[PDB]
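S.K.: Take this structure first; my questions come after.
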Amino acid sequence: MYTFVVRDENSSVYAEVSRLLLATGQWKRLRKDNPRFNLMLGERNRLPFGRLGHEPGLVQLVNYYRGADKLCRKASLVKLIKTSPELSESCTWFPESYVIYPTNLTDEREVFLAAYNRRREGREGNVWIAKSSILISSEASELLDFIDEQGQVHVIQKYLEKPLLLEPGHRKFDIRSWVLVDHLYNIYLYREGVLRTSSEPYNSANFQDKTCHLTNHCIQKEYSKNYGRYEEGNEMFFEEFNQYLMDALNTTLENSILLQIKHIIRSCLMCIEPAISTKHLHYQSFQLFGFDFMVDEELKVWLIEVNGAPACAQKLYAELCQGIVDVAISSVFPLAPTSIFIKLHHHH
Amino acid sequence: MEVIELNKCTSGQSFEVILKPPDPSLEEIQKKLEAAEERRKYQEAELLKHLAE
Amino acid sequence: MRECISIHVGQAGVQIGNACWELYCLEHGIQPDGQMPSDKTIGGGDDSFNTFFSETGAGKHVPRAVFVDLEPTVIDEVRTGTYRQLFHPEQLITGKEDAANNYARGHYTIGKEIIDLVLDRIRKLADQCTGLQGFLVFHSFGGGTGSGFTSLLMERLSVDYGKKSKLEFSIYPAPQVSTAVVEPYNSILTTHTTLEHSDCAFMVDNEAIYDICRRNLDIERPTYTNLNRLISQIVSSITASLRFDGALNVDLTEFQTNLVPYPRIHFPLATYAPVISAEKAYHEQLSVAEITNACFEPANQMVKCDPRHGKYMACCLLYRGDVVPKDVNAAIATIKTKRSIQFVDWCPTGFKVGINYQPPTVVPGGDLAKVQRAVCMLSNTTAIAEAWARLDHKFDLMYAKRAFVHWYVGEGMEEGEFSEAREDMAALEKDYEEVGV
Amino acid sequence: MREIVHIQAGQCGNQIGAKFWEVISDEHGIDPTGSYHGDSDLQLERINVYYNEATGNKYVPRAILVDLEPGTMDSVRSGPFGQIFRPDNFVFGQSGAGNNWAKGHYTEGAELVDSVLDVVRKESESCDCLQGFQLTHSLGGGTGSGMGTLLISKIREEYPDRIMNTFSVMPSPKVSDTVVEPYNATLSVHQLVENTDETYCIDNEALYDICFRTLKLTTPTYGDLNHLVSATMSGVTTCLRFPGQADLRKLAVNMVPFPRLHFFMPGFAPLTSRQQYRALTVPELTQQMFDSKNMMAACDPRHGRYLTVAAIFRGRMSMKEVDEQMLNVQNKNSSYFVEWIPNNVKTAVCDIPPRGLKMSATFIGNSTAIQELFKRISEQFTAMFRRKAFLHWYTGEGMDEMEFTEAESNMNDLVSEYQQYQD
Ligand SMILES: Nc1nc2c(ncn2[C@@H]2O[C@H](COP(=O)(O)OP(=O)(O)OP(=O)(O)O)[C@@H](O)[C@H]2O)c(=O)[nH]1
Ligand SMILES: Nc1ncnc2c1ncn2[C@@H]1O[C@H](COP(=O)(O)OP(=O)(O)CP(=O)(O)O)[C@@H](O)[C@H]1O
Ligand SMILES: Nc1nc2c(ncn2[C@@H]2O[C@H](COP(=O)(O)OP(=O)(O)O)[C@@H](O)[C@H]2O)c(=O)[nH]1
Ligand SMILES: [Ca+2]
Ligand SMILES: [Ca+2]
Ligand SMILES: [Ca+2]
Ligand SMILES: [Mg+2]
Ligand SMILES: [Mg+2]
Ligand SMILES: [Mg+2]
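Structure (structure tokens):
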């Protein structure tokens, strides 16, 4: 009889995993503070990694990688890419970014302005976006002043002015990929992604109205008037998107986009493996990641960010959560296909 | 990667490599010990009083 | 030459001390009868090994050691054991009933009645010293004597030997080899009262030693003898610089200067490699790079924690055996490009290296195989705060219900000492976080 | 040299005590004449814990036999090992206690108690370093219950910092000599709450059910019950009589988190009926040891929570497999262990097994489920006290009703204290 504890009541993903675990009849849920557990579904913030793996005879597993925050933080990701030789400052799939600390608090203000002034002089498009852990503008003055009005670290990265627009609609979108890393650091890409589409026509001459520029599911369902017009819940899945790429662009989702997505996932996760691997640790970790990508009109894939506590598409909860149990939990605590994941092989 | 202060002798050697630059008094202890003894004496006295009753 | 006095308190301190002095004698060529044929100066001398051994007119080399326990069964092993002839009776101090795993019983009730005698015996050893450096104190956190009497002894030592350094070798409690539930209480109580009196403390978590014995030595259920012989190898690596010719860590003061820039954060992490089973027919001799790389694996640390998620304040590499500086620097360069070694911005990113050409000595019939080269890394990392957090958490669980508190109050301790000690530990955890994040 | 002084009082106390000394004398290789004839040095390593060494290499139990009538101690002196006890350590009157706590505590017992203390003092004076005392008695009678608790009170007055341990047999209407047993047991329990450091609660109802249901004895006798008590007493004192860890005070420190909650439920395995030669595996030993049917307090552990648990394994077995099974019982039923005492389940192993068994396990639990035992006694007490029934036996000895009402409230307070830690 295996034992687990639930320490994040707000996780829709691991509420289903917990539901599945109990349904097997071979897992028992303890009080959240009971130290005699095999599996911890930990809290998002300040997870007590230091107390794991010190119960005699208990093989203990947790659903988060200590140190994975370096990848799942706005400013942290930028610093990681610029300072890690595996990714380098010339990384071709990450938008030119800069970490800007508000003046009321290293910082990259002067470096940003230098590159900003260069684009302005060369007639090039100079539209940046400021965000933290949102404002879109082409004037450096407005971007820096907006950050000083806040008190948290922000990042300024280039705004993809030439995004791939779906038709009909002429509308922006982004691609969410769910990736699972087990205790052995196998990288599993869920076969099912989701396109979070904008239900408004993309307008390049008005960044003030952010409805057609931000493809967040919450913004479209609150400030967009065409929500659900083209696809239910502004969510297009790979089957429809692949069929579209073939009909419109005479190409496939695997060739035009997925190869780059798999390459980006591997690069990011392999880069931090020595820092977060639990191979020789007194406890074991796995974690579910949400990678967000942008695709431009040239079919080049750009990484936008990585989410360390992602939610899932309503239609895909059952399949993904069961997969988490099969490859992440039961592989360590076996019970008494055609896998839904794509293993991204790599050198350890 | 610099080495400094290399010292050698018959039984070994030592050096330094730089990869990058940047109470209660005796009286007070007695009081604490005696205060604890007094507390034990008081607790034992109360027990004996309880048993005498 | 400057002398060092070793003090062993309680069962853990005594049994570990017994294993250490057994090893010291083998390393210096001293026989169980105390004779040392290699020592050509009969009756005296100021050689490096004389920091730990005095000499009688008859040529006997006597450890500068005192053993103290409230129950005699552990120390009776010394009085009749192999090395019974090394110590004279004045050095072995035993009572009749122990502190019952009760810090307050060892510190107050019993400590008050035996402290003066223990200091007198220590004074007799000090009177034999021309320039006493200080003391090395071995004890458990969990025992009533190891925790309670040690803290009282350390307080009196600061009074009677103000200018003398004091180092600790402390056994951190692990339920796998413990039958006492109150050890978190005792550990926090003794750390609070000893913190201001200890210049540098080497904590050894029984959980780490236990798993190294099972994993590397293929011992299914290690005994205290298995644990102590491994611990004594690590202790020997740490104190070798005091007992052999050299220029690194040559006196107790140097341990603090090299390992402790901030006085309260004085708990360096020890990591030792290689630990090879003697039952193996023949093992591939590991290189300098390989044993150095092993110093950054959690599996060979004396306290299980993750130094990848802390900051370093100091790092010292102590090699024994066939090692030349060329290969050390080559290994360090390789590890920097592969490991996550982050120093605090106010400390230099460097390593102090000591090499002793004499490889590790293995006790005949022990569990450890003879190796051509071994290394002990001493790093002052904030990652060891994980061990304080673990211990403080168990404390909080029991103290919230006042479980077992009456045993301590019954010995004359005020309940307020619990919260005073716990708040001190909270301040210690805050100091670590301020430096490491 | 951590000596223990053993006292046995009244009929039950002396009959169980006699069997205890017969069992451990066999384990230590001591014959009925006090002469050692074992074959293992482990038999003598800690022999002085319970035996004094007389001239001629003779070992004499450090035992004091007390009663208010001569009958039972005459049987002991004529029993198997009756000749092994010190003749001067027999202290007895002629009046009897009439199953009356007041006679044992205030009148008949009061006239004899000073002479018992003289023998206790004599034995204590010849101890290198006395650990404490252990008393065997029943709570339902008059001598063991009334005079036994009187003795405990006077021993605590003279030896206030020594550990006092008891094996206390709790009465049951299923195995009853007289109807006043709940009166005597309620009066005694308050004394135990105040004046002992550790009490092993042995319920005659649990002993009966074990003999009848598990051992398949059609007509259990007091002798059959005492066989279980002997085996249990040997099990829980193994860690005192052989090399290990250790002493009564250390045991108390790790078993008793709150001073009044010092009443333990003991258990034993195996309990086999005559399929008796079959080898018993570690899993079987561990599963039975935690089974309610193997426990002797007649309380359902699954009705409360374990504050602390000690388990002793005897015999040449796999200590690796012991830890795996122990860690399996906890990590499979952690809902019955309080989560605010970390690592509150301790395991110890002893190489010497009990006579006739390849291996065995003894269980010592400090469980809040023991409140069920005190609740049963309290309800039986009140059913009679509500009508002042049989009180004249006690008022005739000078007791007042107010002392009964105070004992009633004292034990209900104790029940209330267990209930708060069970939630
Ligand atoms: N490594 C190691 N740990 C030990 C040894 N002996 C005891 N311990 C540990 O020390 C703790 C118990 O404290 P002890 O040193 O035995 O107790 P003490 O200092 O003699 O104090 P009291 O017996 O209570 O008076 C437990 O955590 C044990 O695991 C030993 O020989 N080696
Ligand atoms: N450099 C850039 N160029 C173009 N669009 C961008 C961009 N950076 C962000 N966006 C837009 O912003 C949206 C999401 O922004 P971002 O992911 O930084 O905020 P967020 O993290 O709160 C949403 P989530 O974490 O759920 O993916 C995307 O739909 C994308 O279209
Ligand atoms: N287990 C057991 N219980 C007994 C024995 N003799 C008496 N009892 C119980 O003890 C109580 C009677 O007390 P008893 O010891 O005979 O009275 P005393 O001589 O005045 O102390 C009743 O609850 C009996 O069931 C015995 O030999 N074994
Ligand atoms: Ca000499
Ligand atoms: Ca000092
Ligand atoms: Ca009379
Ligand atoms: Mg995000
Ligand atoms: Mg001890
Ligand atoms: Mg009777």
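Protein chains in written order, with the authors' numbering: chain F, 1 to 105, 125 to 152, 160 to 362, 371 to 382; chain E, 6 to 27, 44 to 74; chain A, 1 to 437; chain B, 1 to 42, 45 to 247, 250 to 278, 281 to 360, 369 to 437.
We treat Cβ as the ideally placed atom computed from N, Cα and C, and that holds for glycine.
1. Measuring CB atoms only, is the segment 325–333 of chain F touching the segment 297–311 of chain F, in the sense that at least three cross pairs come out at less than 8 Å?
2. Give, in chain order, every residue of the segment 95–106 of chain A whose Cβ lies closer than 7 Å to some Cβ of chain B.
3. Kindly list, in the order they appear in chain E, the residues whose Cβ is closer than 9 Å to that of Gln15/A.
4. Are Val51/B and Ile7/B closer than 7 Å when you measure CB to CB?
5. Report the option in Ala383/B, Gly84/B, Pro184/B and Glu207/B whose CA atom is closest to the CA atom of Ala403/B.
6. Leaving out five residues on either side along the sequence, give the residues of the same chain with a beta carbon under 7 Å from the beta carbon of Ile291/A.
7. Taking the runs of the beta strand (DSSP E) that are 3 residues or longer, which of them lie wholly in the segment 214–275 of chain F?
8. Let me know the alpha helix (DSSP H) ranges lying completely inside the segment 33–90 of chain F, each 4 residues or longer, listed in chain order.
9. If you scan the segment 37–120 of chain A from start to end, which runs of the beta strand (DSSP E) of 3 or more residues do you find wholly inside it?
10. According to DSSP, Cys356/B sits in a beta bridge with which residue or residues?
11. Have a look at the DSSP bridge pairing and note the partners of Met301/B.
12. Any chance the segment 152–167 of chain A sits against the segment 195–205 of chain A, with 3 or more Cβ pairs inside 8 Å?
13. May I ask which residues mark the beginning and end of the alpha helix (DSSP H) holding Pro184/B?
14. Mind checking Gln233/A: buried by the 16 CB within 10 Å criterion, or exposed?
15. Does the Cβ of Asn333/F lie closer than 6 Å to at least one heavy atom of ligand 7?
16. Would you say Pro263/B faces chain E, with C-beta separation under 7 Å as the test?
17. Is it buried or exposed for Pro32/A, if we count other Cβ within 10 angstroms and need 16 for buried?
18. Which whole-angstrom value is the C-beta distance of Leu26/A and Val235/A, which I expect to be below 8 Å?
19. On the criterion of 16 or more Cβ atoms from any shown chain inside 10 Å, does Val115/B qualify as buried, or is it exposed?
20. Leaving aside the five residues before and after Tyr432/A along the sequence, list all residues of the same chain whose C-beta is less than 7 Å from its C-beta, in chain order.
21. Could you name the residues of chain F that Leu371/B contacts, counting a contact when the two beta carbons are closer than 8 Å?
22. Where do the N-terminal and C-terminal ends of the alpha helix (DSSP H) with residue 473/A fall, by residue?
23. Using 8 Å as the threshold, is the segment 330–338 of chain A in touch with the segment 332–348 of chain F, meaning 3 or more CB pairs across them?
24. Is the CB-CB distance between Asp199/B and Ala256/B below 7 Å?
25. Flag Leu61/F as yes when its Cβ comes closer than 6 Å to any non-hydrogen atom of ligand 1, and as no otherwise.
26. Looking at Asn258/A and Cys316/A, is the spacing between their C-beta atoms short of 7 Å?
27. If I follow the unbroken alpha helix (DSSP H) through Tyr2/F, where does it start and stop?
28. The segment 24–46 of chain F: which residues have C-beta closer than 7 Å to a C-beta of chain A, in chain order?
29. Can you find a CB in chain A that lies within less than 7 Å of the CB of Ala73/E?
30. Among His8/A, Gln15/A, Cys20/A and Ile7/A, whose alpha-carbon lies nearest the alpha-carbon of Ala240/A?
31. Would you call the segment 19–26 of chain E and the segment 220–234 of chain F in contact, with 3 or more CB pairs under 8 Å?
32. What number of angstroms, rounded off, separates the C-alpha of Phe267/F from the C-alpha of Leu279/F?
33. Just the C-alpha distance for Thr145/A and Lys52/E, rounded to the nearest angstrom, thanks.
34. Along the alpha helix (DSSP H) that carries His229/B, what are the first and last residues, could you check?
35. Can you pull the chain A residues whose beta carbon is under 9 Å from the beta carbon of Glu58/E, in chain order?
36. I'd like the span of the beta strand (DSSP E) that includes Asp200/F, first residue to last.
M.R.: This is what the structure gives:
1. no
2. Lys96, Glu97, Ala100, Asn101 and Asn102
3. Chain E residues near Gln15/A: none, gap ~28 Å exceeds 9 Å.
4. It is not a contact, given that the beta carbons lie outside the stated cut-off.
5. Of the candidates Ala383/B, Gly84/B, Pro184/B and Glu207/B, the one whose C-alpha sits nearest the C-alpha of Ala403/B is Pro184/B.
6. Same-chain partners within the cutoff: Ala273, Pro274, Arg373, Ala374 and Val375.
7. With a minimum length of 3 residues, the continuous beta strand (DSSP E) runs that stay inside the segment 214–275 of chain F are 220–223 and 261–263.
8. 69–72 and 74–83
9. 53–55, 61–63, 65–69 and 92–94
10. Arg320/B
11. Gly271/B
12. yes
13. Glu183 to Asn197
14. When all chains shown are included, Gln233/A counts as buried.
15. Yes, the Cβ of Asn333/F comes within 6 Å of a heavy atom of ligand 7.
16. Chain E contact via Cβ: absent.
17. exposed
18. Actually they do not touch by this definition, with Cβ atoms about 14 Å apart.
19. buried
20. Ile265, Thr382 and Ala385
21. Residues of chain F with a Cβ closer than 8 Å to the Cβ of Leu371/B do not exist; the shortest Cβ-Cβ separation is about 27 Å.
22. Since the first and last residues shown for chain A are 1 and 437, residue 473/A lies out of range.
23. By the criterion of at least three beta-carbon pairs nearer than 8 Å, the segment 330–338 of chain A is not in contact with the segment 332–348 of chain F.
24. yes
25. It does not: the Cβ of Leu61/F is nowhere closer than 6 Å to a heavy atom of ligand 1.
26. Against a cut-off of 7 Å, the Cβ pair of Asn258/A and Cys316/A comes out as a contact.
27. Note, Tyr2/F: premise wrong, no alpha helix (DSSP H); beta strand (DSSP E) at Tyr2 to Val6.
28. none
29. No - not a single Cβ of chain A is within 7 Å of the one on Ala73/E.
30. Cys20/A
31. Counting Cβ pairs under 8 Å, fewer than three are found: no touch.
32. 7 Å
33. Spanning the two alpha carbons is a distance of roughly 21 Å.
34. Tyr224 to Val238
35. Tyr108, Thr109, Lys112 and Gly412
36. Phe199 to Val207
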